[PDB]
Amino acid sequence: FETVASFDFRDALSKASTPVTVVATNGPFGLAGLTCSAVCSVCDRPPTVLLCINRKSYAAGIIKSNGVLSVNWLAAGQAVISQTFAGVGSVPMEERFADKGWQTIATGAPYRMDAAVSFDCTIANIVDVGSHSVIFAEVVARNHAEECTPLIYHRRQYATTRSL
């Protein structure tokens, strides 16, 4: 079988929906983060999620060397946070965490305390696939905001949820 064209693959994907997260890190290699939607739960013992991140990025370099990271599922009101960590407005990497919303929990990685879900994590394993590092991370702390319907991405726009 022949795989679909890359362009057709991305077009089709725009028609699926995802949550939106920010993955962030800090430690001896410094502070960094990027917006990431390719994230999912893997198993509960040990509690493990994975995230797939293009290895060419500033943030990927730092995340992999710090060896710790946070995954921060954004609430409906946080599209600007997502835009910032996707590089909309070209906000310099270390200027991205200037606000009380980020604090430390267990690892030293910055946690978004008003995110719908925040997992503080250590990296356990990495599987490289084409351009992306698939990073398997074990959850060593969790946090939740009070009142957060999700930020959703779909058809290249942000959205949130409503009952069926």
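The first residue of the shown sequence is 1; numbering continues from there.
Looking at mean Cα B-factors across 97-105 and 56-64, the upper value is held by 97-105.
If you average the C-alpha B-factors over 107-115 and over 132-140, the higher value belongs to 107-115. When all modelled residues of the chain are sorted by CA temperature factor, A16 is found within the middle third. The PDB entry assigns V23 a C-alpha temperature factor belonging to the middle third of its chain's modelled residues. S82: CA B factor in the lowest third of modelled residues in this chain (values from the PDB entry). Annotation for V88: C-alpha temperature factor in the middle third relative to the rest of the modelled chain, per the entry.
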